[PDB]
Asks: 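Let me begin by handing over the structure; questions about it come next.
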Amino acid sequence: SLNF
Amino acid sequence: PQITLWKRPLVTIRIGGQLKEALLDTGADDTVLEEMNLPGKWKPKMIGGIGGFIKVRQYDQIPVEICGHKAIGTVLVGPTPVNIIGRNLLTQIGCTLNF
Amino acid sequence: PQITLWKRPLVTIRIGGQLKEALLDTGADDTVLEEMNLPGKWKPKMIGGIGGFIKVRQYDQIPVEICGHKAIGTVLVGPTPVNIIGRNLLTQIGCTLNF
């Protein structure tokens, strides 16, 4: 759940 | 449509009857929107970004219209600097990266 | 190529003679690479997004090959979990978003  | 990356890929989305501008972001797993009131029961969730982890409200099965293409999926609401449409909704509208 | 977004769009890049896996990120303005000890003059920068800000070193005119496509531009090096290929290099390899 990584949001770059 | 075909969108070039000379400017940030910002798009108008319609969510909860509201129009908003959001970033088409292939680097995001999820769609995370600025704090807004949305209908539904939401669960807290924690997500990470470049600066660390934040807590968000997770709303499921939300309808979102992105440039006229309909998506129904999870929307996270919390303290993001910008509304981002992530890969969970970009796949529903058939978006691909090409070069 | 055409990359679908069911999974994170990870691609091979070569920078400073090293091969690395990097995320094609249309949300990122600038490229930010994991800590690496590059030659060159650098300048201190802070970049932010979800979770806050991280301090990075800005190097300019760094050549990068992304899927055998050559590009050259600013690279930020800092404590990111993922190498991120941002718009400053994606525009140079002619990368586009389509739906």
Side-chain angles (χ1 to χ4, degrees), chain A, chain B residues 5 8-11 13 15 18 20-38 42 44-54 56-59 62 64 73-90, chain C residues 5 8-11 13 15 20 22-38 40 42 44-54 56-60 62 64 73-91 97:
Chain A
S1 201
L2 292 173
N3 298 283
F4 302 111
Chain B
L5 291 167
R8 293 195 197 235
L10 276 347
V11 120
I13 62 161
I15 184 161
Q18 291 210 144
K20 304 252 224 149
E21 240 68 359
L23 223 222
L24 263 14
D25 181 351
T26 62
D29 294 345
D30 312 292
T31 292
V32 22
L33 273 55
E34 293 166 333
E35 222 295 315
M36 72 184 285
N37 318 316
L38 275 179
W42 53 268
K45 178 179 180 51
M46 272 196 46
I47 61 169
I50 197 73
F53 282 69
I54 58 168
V56 288
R57 298 174 176 227
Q58 174 180 337
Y59 296 88
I62 297 297
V64 185
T74 299
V75 166
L76 310 183
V77 171
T80 179
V82 62
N83 293 318
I84 66 196
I85 302 300
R87 281 165 42 257
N88 75 308
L89 302 191
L90 293 179
Chain C
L5 301 172
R8 294 186 182 172
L10 290 171
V11 119
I13 66 165
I15 178 158
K20 280 153 152 285
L23 184 81
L24 304 171
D25 188 346
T26 58
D29 297 327
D30 222 84
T31 297
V32 17
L33 294 190
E34 233 288 85
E35 254 311 308
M36 65 188 296
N37 192 45
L38 293 178
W42 59 265
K45 230 198 187 182
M46 299 279 271
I47 48 156
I50 278 161
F53 285 75
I54 52 161
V56 294
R57 303 192 298 276
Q58 185 187 325
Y59 295 84
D60 304 273
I62 307 300
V64 192
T74 293
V75 153
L76 306 178
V77 182
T80 173
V82 198
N83 291 297
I84 288 162
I85 297 305
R87 282 165 54 231
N88 76 305
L89 301 188
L90 295 176
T91 49
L97 279 166

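We use all heavy atoms of the structure for the numbers below, so side chains are in, but hydrogens, waters and symmetry mates are not. Naming convention: chains lettered A, B, ... in sequence-line order (proteins, then strands); numbering from 1 in each chain.
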Asks: So, for C:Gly86 and C:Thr31, which heavy atoms are closest and what is the spacing to 0.1 Å?
Replies: N-OG1, 3.0 Å

Asks: If you look at every heavy atom in C:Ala22 and C:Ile85, which pair is closest and at what distance?
Replies: CB-CG1, 3.5 Å

Asks: For C:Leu89 and C:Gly73, work out which heavy atoms get closest and say how close.
Replies: CD2-N, 4.0 Å

Asks: Would you give the length of the straight line joining atom CG of C:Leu38 to atom CE of C:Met36, rounded to the nearest 0.5 angstrom?
Replies: 4.0 Å

Asks: Tell me, do B:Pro44 and B:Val56 make a side-chain contact under 4.5 Å, heavy atoms counted?
Replies: no

Asks: Can you sort out the partners of C:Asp30 under side chain to side chain donor-acceptor pair (under 3.5 Å), two or more places apart, ordered by chain and number?
Replies: none

Asks: Measuring from C:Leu5:CG to B:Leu90:CG, what's the distance to the nearest 0.5 Å?
Replies: 6.0 Å

Asks: Closest approach of B:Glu35 and B:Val77, non-hydrogen atoms and distance?
Replies: CA-CG1, 3.5 Å

Asks: Apply the side chain to side chain contact (heavy atoms under 4.5 Å, CB included) test between B:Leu33 and each candidate in B:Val82, B:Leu76, B:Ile15, B:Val64; give the one that qualifies.
Replies: B:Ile15

Asks: How many angstroms lie between atom CD1 of B:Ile13 and atom CG of B:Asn83, to the nearest 0.5 angstrom?
Replies: 5.5 Å

Asks: Is there a side-chain contact between B:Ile54 and B:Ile47, using heavy atoms and a 4.5 Å cut-off?
Replies: yes

Asks: Looking at CD of B:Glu34 and CD of B:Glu21, how far apart are the two atoms once the value is rounded to the nearest 0.5 Å?
Replies: 11.0 Å

Asks: Find the distance between CG (C:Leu24) and CD1 (C:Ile84) and round it off to the nearest 0.5 Å.
Replies: 11.0 Å

Asks: Output the distance between atom CG (A:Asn3) and atom CG (B:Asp25), rounded to the nearest 0.5 Å.
Replies: 7.5 Å

Asks: Can a donor-acceptor pair be found, under 3.5 Å and without considering hydrogens, that links the side chain of C:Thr74 to the backbone of C:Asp60?
Replies: no

